file protein.cif (mmCIF, C-alpha atoms)
data_protein
loop_
_atom_site.label_atom_id
_atom_site.label_comp_id
_atom_site.auth_asym_id
_atom_site.auth_seq_id
_atom_site.Cartn_x
_atom_site.Cartn_y
_atom_site.Cartn_z
CA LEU A 1 79.42 -34.05 -89.67
CA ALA A 2 78.89 -32.38 -86.27
CA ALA A 3 81.87 -32.54 -83.82
CA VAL A 4 79.83 -31.22 -80.87
CA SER A 5 76.16 -30.65 -80.35
CA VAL A 6 73.41 -29.66 -77.98
CA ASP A 7 70.13 -31.25 -77.16
CA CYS A 8 67.67 -29.49 -79.52
CA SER A 9 65.17 -32.39 -79.31
CA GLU A 10 62.32 -30.41 -77.85
CA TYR A 11 62.57 -27.44 -80.20
CA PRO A 12 61.03 -25.17 -81.66
CA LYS A 13 59.97 -23.03 -78.63
CA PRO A 14 57.98 -19.72 -78.62
CA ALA A 15 60.21 -18.04 -76.05
CA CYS A 16 63.51 -18.19 -74.30
CA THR A 17 64.72 -16.76 -71.14
CA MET A 18 67.43 -14.13 -71.00
CA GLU A 19 70.28 -15.88 -69.21
CA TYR A 20 73.65 -15.22 -70.82
CA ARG A 21 75.19 -18.60 -71.38
CA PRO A 22 76.89 -18.15 -74.80
CA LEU A 23 77.28 -20.64 -77.66
CA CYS A 24 79.15 -20.08 -80.86
CA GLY A 25 77.36 -21.18 -84.06
CA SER A 26 78.96 -22.49 -87.24
CA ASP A 27 77.68 -19.33 -88.81
CA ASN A 28 80.17 -17.34 -86.59
CA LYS A 29 77.39 -15.87 -84.44
CA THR A 30 77.37 -15.91 -80.71
CA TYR A 31 73.93 -17.09 -79.45
CA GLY A 32 73.11 -15.75 -75.94
CA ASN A 33 71.93 -19.17 -74.75
CA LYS A 34 70.95 -22.70 -75.71
CA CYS A 35 67.37 -21.84 -76.36
CA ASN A 36 68.24 -19.08 -78.81
CA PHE A 37 70.65 -21.50 -80.47
CA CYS A 38 68.21 -24.38 -80.84
CA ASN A 39 65.53 -21.98 -82.10
CA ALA A 40 68.01 -20.95 -84.83
CA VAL A 41 68.88 -24.57 -85.70
CA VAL A 42 65.18 -25.15 -86.37
CA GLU A 43 64.71 -21.88 -88.22
CA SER A 44 67.70 -22.72 -90.47
CA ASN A 45 66.28 -26.09 -91.35
CA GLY A 46 69.25 -27.69 -89.58
CA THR A 47 71.91 -25.85 -91.63
CA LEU A 48 73.17 -24.22 -88.39
CA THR A 49 75.53 -26.39 -86.33
CA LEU A 50 77.42 -25.76 -83.11
CA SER A 51 81.01 -24.62 -83.67
CA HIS A 52 81.91 -24.51 -79.99
CA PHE A 53 80.78 -23.78 -76.50
CA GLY A 54 81.38 -20.20 -75.30
CA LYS A 55 81.32 -16.94 -77.22
CA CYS A 56 82.76 -16.91 -80.69
#

call {"tool": "encode", "arguments": {"input": "protein.cif", "output": "structure tokens"}}
result
Amino acid sequence: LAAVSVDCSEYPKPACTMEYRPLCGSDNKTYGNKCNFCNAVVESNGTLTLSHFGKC
């Protein structure tokens, strides 16, 4: 069960911009921004969850 989440409703997306607004995944990766994160949630078939906001 997810404690926290982001809005990944409109994903997948072909590109992201490069702003550095970090998110820490449950896989212990820091994702540079929400769009990289929500791209990875989709790619992982929803196995990826958000651990917390900010860099791991």

call {"tool": "residues_near_point", "arguments": {"input": "protein.cif", "point": "(74.0, -23.9, -83.3)", "cutoff": "7 Å", "atoms": "only C-alpha atoms", "output": "list in words"}}
result
residues 24, 25, 26, 37, 38, 40, 41, 48, 49 and 50 of chain A

call {"tool": "resolve_selection", "arguments": {"input": "protein.cif", "expression": "the PyMOL selection byres ((chain A and resi 9-20) around 6)", "output": "PyMOL selection string"}}
result
chain A and resi 7-8+21-22+32-33+35+39

call {"tool": "atom_distance", "arguments": {"input": "protein.cif", "atom1": "atom CA of residue A:42", "atom2": "atom CA of residue A:1"}}
result
17.1 Å

call {"tool": "atom_distance", "arguments": {"input": "protein.cif", "atom1": "atom CA of residue A:55", "atom2": "atom CA of residue A:2"}}
result
18.1 Å

call {"tool": "axis_aligned_box", "arguments": {"input": "protein.cif", "around": "stretch 47-54 of chain A", "padding_each_side": "4 Å", "output": "lines of an AutoDock Vina configuration file"}}
result
center_x = 76.9
center_y = -23.3
center_z = -83.5
size_x = 18.0
size_y = 14.2
size_z = 24.3

call {"tool": "atom_distance", "arguments": {"input": "protein.cif", "atom1": "atom CA of residue A:34", "atom2": "atom CA of residue A:51"}}
result
13.0 Å
